[PDB]
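Visitor: Below are the structure tokens for one structure; questions will follow.
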Amino acid sequence: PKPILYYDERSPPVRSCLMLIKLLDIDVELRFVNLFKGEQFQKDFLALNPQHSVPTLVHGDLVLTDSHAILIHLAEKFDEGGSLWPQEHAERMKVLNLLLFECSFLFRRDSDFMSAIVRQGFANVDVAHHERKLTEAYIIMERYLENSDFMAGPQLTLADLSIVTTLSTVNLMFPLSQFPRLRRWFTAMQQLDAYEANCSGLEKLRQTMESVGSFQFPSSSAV
Amino acid sequence: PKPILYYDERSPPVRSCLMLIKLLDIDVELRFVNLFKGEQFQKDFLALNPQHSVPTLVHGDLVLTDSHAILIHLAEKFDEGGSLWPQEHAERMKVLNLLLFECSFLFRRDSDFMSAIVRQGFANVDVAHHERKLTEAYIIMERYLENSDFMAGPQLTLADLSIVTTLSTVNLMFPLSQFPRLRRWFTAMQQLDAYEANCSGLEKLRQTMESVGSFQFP
Ligand SMILES: COc1cccc(/C(C)=N/C(C)(C)N[C@H](SC[C@H](NC(=O)CC[C@H](N)C(=O)O)C(=O)NCC(=O)O)c2cc(Br)ccc2O)c1
Ligand SMILES: COc1cccc(/C(C)=N/C(C)(C)N[C@H](SC[C@H](NC(=O)CC[C@H](N)C(=O)O)C(=O)NCC(=O)O)c2cc(Br)ccc2O)c1
């Protein structure tokens with residue numbers, strides 16, 4: 001059975017999976033769940049994923065409800081012995097470590113900021129607070145890129161796919177001027193053919209956020 | 001060489017690693033990082049882990065900065081052929097999925113609640129809001145337990161070790177009376193010899209929290 005991805009491309013974790021699907025030319029059925037319309041709370045989708053989150057992958061009997069598991073699963077099944085999810089144990093653990101950084105730190109903080117915008121309105125959000133928290137993530141990624149060419153090593157891995165989508169979303173608001181490593185890496189990610197899978201959903205998220213939060217992102221920020 | 005675990009046993013993710021270490025009899029060198037005194041911001045430790053978080057594992061040249069990676073790494077190196085980290089791909093993905101639920105949902109929401117107690121003060125916390133967020137996590141785990149005795153299937157896996165420590169920390173504040181599968185599971189987890197590794201740090205956190213928060217857990 002061919003994988004089924006429940007998705008809203010405005011979601012950075014969704015876009016990470018879309019990038020991997022494009023990069024590996026995986027044939028996957030797409031099923032749209034409109035998060036703006038609360039379609040993730042439809043009875044059928046909650047029964048499938050009680051966390052009411054996208055991406056959700058159904059591949060045969062396997063139901064994955066987190067992008068980082070989806071990325072790893074798809075790499076193991078369609079990039080057998082590949083380098084995106086490296087064979088050597090220490091290299092693989094480094095990728096896993098940064099995938100969890102995306103869960104625990106980067107996405108958590110960007111999610112906190114974006115949800116404040118919609119619940120409070122942009123003009124009411126404590127931007128300085130979220131700028132500090134998210135600049136802290138910039139600093140950490142800059143430190144990783146100071147010791148490594150890509151996020152998890154010399155070479156493109158799942159960690160870059162996971163991180164770049166959320167990065168590009170943070171960078172809608174907060175400029176990367178003071179982070180030369182992260183600018184260089186981001187530019188390199190944007191040269192990848194697979195980055196087209198991030199472009200469209202990022203722009204749709206921008207259009208949605210500027211309507212719901214009623215504001216305009218600083219256009220100069222985005223790389 | 002021997003793995004080194006930087007730790008503060010008040011941390012639920014730390015206790016998950018401590019439980020695995022006891023379950024697998026892993027010889028590790030423990031190094032205490034006092035989070036209450038901000039030692040995670042010490043220059044040498046930030047250099048090691050820019051996320052300034054525990055648990056952090058140093059095993060040779062490998063530096064792991066997240067409990068879920070540490071659990072997987074330790075299982076792979078010290079429990080090859082075990083049931084905690086299943087070799088079969090579908091079973092392994094199901095464990096991984098629940099480890100990420102712990103990062104993405106359970107711990108995130110408990111962290112939000114716990115940080116609000118020490119920031120605003122317990123008397124100033126929107127208890128109802130966090131009770132709603134954390135009860136939702138209870139509901140989800142109750143559903144995960146519908147078909148199985150453990151979170152990821154019929155046998156104990158890394159998902160149970162990761163989740164039980166945060167759950168016991170949530171359970172300081174919200175009982176499991178309404179969730180029969182979850183209460184059954186939590187009680188079964190407490191019968192494990194390895195659960196002793198969770199006892200000390202949970203109580204140390206309770207004492208620290210009841211002191212800074214100026215309240216009592218029921
Ligand atoms: C208050 O609600 C809200 C409004 C606007 C934006 C957000 C928000 C958190 N936005 C961000 C930018 C982070 N994008 C989210 S991504 C979609 C959510 N997916 C996950 O949380 C999966 C995480 C998991 N660890 C993984 O890696 O897969 C999601 O599905 N939310 C649905 C839900 O929780 O009910 C986002 C975008 C949109 Br257009 C709408 C909602 C979002 O949360 C939050
Ligand atoms: C800030 O003061 C304070 C006092 C008491 C309790 C908290 C608090 C928010 N506590 C909770 C219960 C959430 N426990 C944290 S756990 C330790 C932290 N580790 C991680 O966040 C790792 C998550 C990662 N995904 C993983 O799985 O490994 C931590 O290291 N924080 C340090 C930091 O961010 O600088 C906690 C406990 C204590 Br005793 C103190 C601080 C905490 O955040 C907060």
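Every chain in the structure tokens takes a letter, A first, then B, and so on in the order presented; its residues are numbered from 1, and the ligands are numbered from 1 following the presented order.
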Where does chain A meet chain B within 7 Å, residue by residue, with the nearest atom pair and distance in Å to one decimal for each, counting only C-alpha atoms, listed by chain and rising number, as a Markdown table?
Guide:
| residue | atom | partner | partner_atom | distance |
| --- | --- | --- | --- | --- |
| A:50 | CA | B:140 | CA | 5.9 |
| A:62 | CA | B:90 | CA | 6.7 |
| A:64 | CA | B:97 | CA | 6.2 |
| A:65 | CA | B:97 | CA | 6.6 |
| A:66 | CA | B:97 | CA | 6.4 |
| A:69 | CA | B:97 | CA | 5.7 |
| A:73 | CA | B:93 | CA | 6.9 |
| A:90 | CA | B:62 | CA | 6.5 |
| A:93 | CA | B:69 | CA | 6.7 |
| A:96 | CA | B:69 | CA | 6.2 |
| A:97 | CA | B:69 | CA | 5.7 |
| A:100 | CA | B:66 | CA | 6.7 |
| A:103 | CA | B:104 | CA | 6.1 |
| A:104 | CA | B:103 | CA | 6.1 |
| A:140 | CA | B:50 | CA | 5.8 |
Visitor: Those residues you just picked out, can you put them in a file as a PDB file, in the first residue's frame with C-alpha atoms?
Guide:
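The result, stored in again.pdb:
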ATOM      1  CA  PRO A  50      -5.909  12.043  18.676  1.00  0.00           C
ATOM      2  CA  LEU A  62       1.302   1.990  10.336  1.00  0.00           C
ATOM      3  CA  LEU A  64       2.635   7.981  12.271  1.00  0.00           C
ATOM      4  CA  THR A  65       1.603  11.213  13.956  1.00  0.00           C
ATOM      5  CA  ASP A  66       4.853  13.158  14.045  1.00  0.00           C
ATOM      6  CA  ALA A  69       8.998   9.711  12.760  1.00  0.00           C
ATOM      7  CA  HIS A  73      10.265   5.934   8.332  1.00  0.00           C
ATOM      8  CA  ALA A  90      27.114   7.869  15.634  1.00  0.00           C
ATOM      9  CA  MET A  93      22.388   9.624  16.418  1.00  0.00           C
ATOM     10  CA  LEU A  96      18.271  12.105  15.569  1.00  0.00           C
ATOM     11  CA  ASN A  97      19.650  14.566  18.111  1.00  0.00           C
ATOM     12  CA  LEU A 100      14.667  16.324  18.493  1.00  0.00           C
ATOM     13  CA  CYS A 103      10.802  19.200  18.271  1.00  0.00           C
ATOM     14  CA  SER A 104      11.966  20.340  21.665  1.00  0.00           C
ATOM     15  CA  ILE A 140      22.192  27.520  18.795  1.00  0.00           C
TER      16      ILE A 140
END
Visitor: What do you get as a PyMOL selection string if you pick all residues at most 6 Å from ligand 2, counting only C-alpha atoms and all ligand atoms?
Guide: (chain A and resi 104) or (chain B and resi 10-13+35-36+40+52-55+66-68+103+110-111+114-115+118+209)
Visitor: Distance CA of residue 167 (chain A)-atom 14 (N, counted along the ligand's line) of ligand 1, one decimal place?
Guide: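 About the pair CA of residue 167 (chain A) and atom 14 (N, counted along the ligand's line) of ligand 1: they are 11.6 Å apart.
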Visitor: Just the residues within 9 Å of residue 33 (chain B), please, counting only C-alpha atoms, with nothing from its chain fewer than 3 positions along; format it as an mmCIF file with N, CA and C atoms, in the first residue's frame.
Guide:
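As a result, result-v7.cif now contains:
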data_model
loop_
_atom_site.group_PDB
_atom_site.id
_atom_site.type_symbol
_atom_site.label_atom_id
_atom_site.label_comp_id
_atom_site.auth_asym_id
_atom_site.auth_seq_id
_atom_site.Cartn_x
_atom_site.Cartn_y
_atom_site.Cartn_z
ATOM 1 N N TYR B 6 25.190 13.904 32.198
ATOM 2 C CA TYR B 6 24.935 15.143 32.929
ATOM 3 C C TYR B 6 23.455 15.220 33.276
ATOM 4 N N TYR B 7 23.148 15.466 34.549
ATOM 5 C CA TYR B 7 21.803 15.161 35.013
ATOM 6 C C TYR B 7 21.412 16.055 36.180
ATOM 7 N N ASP B 8 20.100 16.201 36.335
ATOM 8 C CA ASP B 8 19.463 16.689 37.552
ATOM 9 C C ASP B 8 18.217 15.838 37.691
ATOM 10 N N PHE B 36 18.609 24.297 39.710
ATOM 11 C CA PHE B 36 18.101 25.321 40.617
ATOM 12 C C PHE B 36 19.108 26.442 40.809
ATOM 13 N N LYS B 37 20.399 26.146 40.666
ATOM 14 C CA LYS B 37 21.436 27.165 40.721
ATOM 15 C C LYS B 37 21.965 27.536 39.337
ATOM 16 N N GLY B 38 21.223 27.204 38.280
ATOM 17 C CA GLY B 38 21.570 27.652 36.940
ATOM 18 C C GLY B 38 22.893 27.137 36.420
ATOM 19 N N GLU B 39 23.338 25.969 36.889
ATOM 20 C CA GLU B 39 24.628 25.451 36.456
ATOM 21 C C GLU B 39 24.613 24.987 35.002
ATOM 22 N N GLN B 40 23.432 24.787 34.408
ATOM 23 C CA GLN B 40 23.375 24.449 32.989
ATOM 24 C C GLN B 40 23.873 25.583 32.105
ATOM 25 N N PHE B 45 29.528 23.921 30.182
ATOM 26 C CA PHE B 45 28.369 23.105 29.839
ATOM 27 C C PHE B 45 27.608 23.669 28.638
ATOM 28 N N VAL B 54 19.378 19.203 30.549
ATOM 29 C CA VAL B 54 19.678 17.838 30.973
ATOM 30 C C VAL B 54 18.453 16.966 30.720
#
Visitor: Quick check for you: according to DSSP on this backbone, which residues of region 119-188 of chain B are classed as helix (DSSP H, G or I)? Reply as a ChimeraX atom specification.
Guide: /B:119-120,122-124,127-144,158-170,180-188
Visitor: Ligand 1: which residues are within 6 Å, counting only C-alpha atoms and all ligand atoms? Reply as a ChimeraX atom specification.
Guide: /A:10-13,35-36,52-55,66-68,103,110-111,114-115,118-119,205 /B:104
Visitor: Next, write the just-selected residues to a file, as a compact mmCIF listing (two decimals), in the first residue's frame, keeping N, CA and C atoms as the atom set.
Guide:
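Result file follows (result-v9.txt):
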# COMPACT_ATOMS: atom_id res chain seq x y z
N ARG A 10 0.86 24.66 4.99
CA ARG A 10 1.28 25.80 5.79
C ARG A 10 2.11 25.36 6.99
N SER A 11 1.96 24.10 7.40
CA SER A 11 2.67 23.54 8.55
C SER A 11 4.13 23.28 8.21
N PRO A 12 5.09 23.83 8.95
CA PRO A 12 6.51 23.55 8.65
C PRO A 12 6.82 22.06 8.71
N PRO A 13 6.35 21.32 9.74
CA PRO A 13 6.63 19.88 9.76
C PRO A 13 6.06 19.15 8.56
N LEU A 35 -6.17 23.23 8.42
CA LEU A 35 -6.01 23.62 9.82
C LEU A 35 -6.68 24.94 10.14
N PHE A 36 -6.71 25.86 9.17
CA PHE A 36 -7.36 27.14 9.39
C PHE A 36 -8.85 26.96 9.65
N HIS A 52 -4.59 15.46 16.81
CA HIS A 52 -5.14 16.35 15.79
C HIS A 52 -4.06 17.21 15.13
N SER A 53 -3.02 16.55 14.63
CA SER A 53 -1.89 17.27 14.07
C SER A 53 -1.55 16.74 12.69
N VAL A 54 -1.00 17.63 11.86
CA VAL A 54 -0.41 17.25 10.58
C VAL A 54 1.07 17.63 10.62
N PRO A 55 1.97 16.83 10.03
CA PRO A 55 1.62 15.69 9.17
C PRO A 55 1.22 14.45 9.94
N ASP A 66 3.82 12.17 13.79
CA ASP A 66 4.85 13.16 14.04
C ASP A 66 5.80 13.18 12.86
N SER A 67 6.08 14.39 12.35
CA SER A 67 6.95 14.55 11.18
C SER A 67 8.28 13.84 11.35
N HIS A 68 8.84 13.85 12.56
CA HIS A 68 10.19 13.31 12.71
C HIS A 68 10.19 11.80 12.55
N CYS A 103 11.97 19.44 17.42
CA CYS A 103 10.80 19.20 18.27
C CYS A 103 10.84 20.01 19.55
N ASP A 110 8.79 28.55 17.90
CA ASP A 110 8.12 29.23 16.80
C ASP A 110 6.62 29.05 16.90
N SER A 111 6.18 27.85 17.30
CA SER A 111 4.77 27.60 17.56
C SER A 111 4.23 28.52 18.64
N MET A 114 3.85 32.01 16.96
CA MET A 114 2.81 32.11 15.93
C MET A 114 1.42 32.02 16.54
N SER A 115 1.25 31.17 17.56
CA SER A 115 -0.07 31.02 18.16
C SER A 115 -0.44 32.25 18.98
N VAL A 118 -2.10 34.73 16.64
CA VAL A 118 -3.49 34.53 16.22
C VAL A 118 -4.43 34.68 17.40
N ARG A 119 -3.98 34.35 18.61
CA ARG A 119 -4.85 34.41 19.78
C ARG A 119 -4.95 35.81 20.34
N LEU A 205 1.25 30.25 4.30
CA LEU A 205 1.24 30.56 5.73
C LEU A 205 1.39 32.06 5.95
N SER B 104 6.65 16.31 21.89
CA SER B 104 5.84 17.31 21.21
C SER B 104 4.63 17.75 22.03
Visitor: So which residues of region 22-165 of chain B fall under strand (DSSP E or B) by DSSP, listed as JSON, numbers by chain?
Guide: {"B": [29, 30, 31, 32, 56, 57, 58, 59, 62, 63, 64, 150, 153]}
Visitor: Could you dump the residues just selected with N, CA and C atoms as a PDB file, in the first residue's frame?
Guide:
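File written: selection_33.pdb
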ATOM      1  N   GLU B  29      28.924   7.225  34.251  1.00  0.00           N
ATOM      2  CA  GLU B  29      29.414   8.217  35.195  1.00  0.00           C
ATOM      3  C   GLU B  29      28.400   9.352  35.263  1.00  0.00           C
ATOM      4  N   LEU B  30      27.793   9.526  36.429  1.00  0.00           N
ATOM      5  CA  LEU B  30      26.844  10.607  36.630  1.00  0.00           C
ATOM      6  C   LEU B  30      27.570  11.889  37.003  1.00  0.00           C
ATOM      7  N   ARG B  31      27.144  12.997  36.397  1.00  0.00           N
ATOM      8  CA  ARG B  31      27.645  14.325  36.731  1.00  0.00           C
ATOM      9  C   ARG B  31      26.460  15.240  36.995  1.00  0.00           C
ATOM     10  N   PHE B  32      26.357  15.736  38.225  1.00  0.00           N
ATOM     11  CA  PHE B  32      25.203  16.519  38.641  1.00  0.00           C
ATOM     12  C   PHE B  32      25.333  17.970  38.195  1.00  0.00           C
ATOM     13  N   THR B  56      22.085  15.314  29.272  1.00  0.00           N
ATOM     14  CA  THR B  56      23.068  15.361  28.201  1.00  0.00           C
ATOM     15  C   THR B  56      23.972  14.155  28.378  1.00  0.00           C
ATOM     16  N   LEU B  57      24.214  13.415  27.303  1.00  0.00           N
ATOM     17  CA  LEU B  57      25.077  12.247  27.370  1.00  0.00           C
ATOM     18  C   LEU B  57      26.331  12.495  26.543  1.00  0.00           C
ATOM     19  N   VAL B  58      27.494  12.235  27.135  1.00  0.00           N
ATOM     20  CA  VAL B  58      28.759  12.193  26.410  1.00  0.00           C
ATOM     21  C   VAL B  58      29.221  10.746  26.400  1.00  0.00           C
ATOM     22  N   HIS B  59      29.311  10.161  25.211  1.00  0.00           N
ATOM     23  CA  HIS B  59      29.758   8.779  25.055  1.00  0.00           C
ATOM     24  C   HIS B  59      30.841   8.779  23.984  1.00  0.00           C
ATOM     25  N   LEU B  62      30.548  11.237  20.925  1.00  0.00           N
ATOM     26  CA  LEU B  62      29.138  11.499  20.676  1.00  0.00           C
ATOM     27  C   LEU B  62      28.532  12.282  21.831  1.00  0.00           C
ATOM     28  N   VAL B  63      27.895  13.404  21.516  1.00  0.00           N
ATOM     29  CA  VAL B  63      27.260  14.257  22.515  1.00  0.00           C
ATOM     30  C   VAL B  63      25.777  14.339  22.180  1.00  0.00           C
ATOM     31  N   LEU B  64      24.942  13.772  23.042  1.00  0.00           N
ATOM     32  CA  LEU B  64      23.498  13.738  22.835  1.00  0.00           C
ATOM     33  C   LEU B  64      22.824  14.680  23.821  1.00  0.00           C
ATOM     34  N   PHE B 150       0.850  -1.695  27.274  1.00  0.00           N
ATOM     35  CA  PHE B 150       1.871  -0.661  27.341  1.00  0.00           C
ATOM     36  C   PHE B 150       1.683   0.319  26.191  1.00  0.00           C
ATOM     37  N   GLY B 153       2.597  -1.078  22.644  1.00  0.00           N
ATOM     38  CA  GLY B 153       2.298  -2.453  22.339  1.00  0.00           C
ATOM     39  C   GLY B 153       2.174  -3.319  23.573  1.00  0.00           C
TER      40      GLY B 153
END
Visitor: Residues within 8 Å of residue 83 (chain A), please, as a list in words. Count only C-alpha atoms; anything in the same chain fewer than 3 positions from it doesn't count.
Guide: residues 79, 86, 87, 156 and 157 of chain A
Visitor: If I take CA of residue 202 (chain A) and CA of residue 223 (chain A), how far is one from the other in Å, to one decimal?
Guide: 12.5 Å
Visitor: For residue 122 (chain A), which of A:194, A:6, A:16, A:173 is the closest residue, counting only C-alpha atoms?
Guide: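 Nearest candidate to residue 122 (chain A) out of A:194, A:6, A:16, A:173: A:173.
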Visitor: For residue 162 (chain A), which of A:208, A:134, A:78, A:189 is the closest residue, counting only C-alpha atoms?
Guide: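 When distances to residue 162 (chain A) are compared using only C-alpha atoms, the smallest one comes from A:189.
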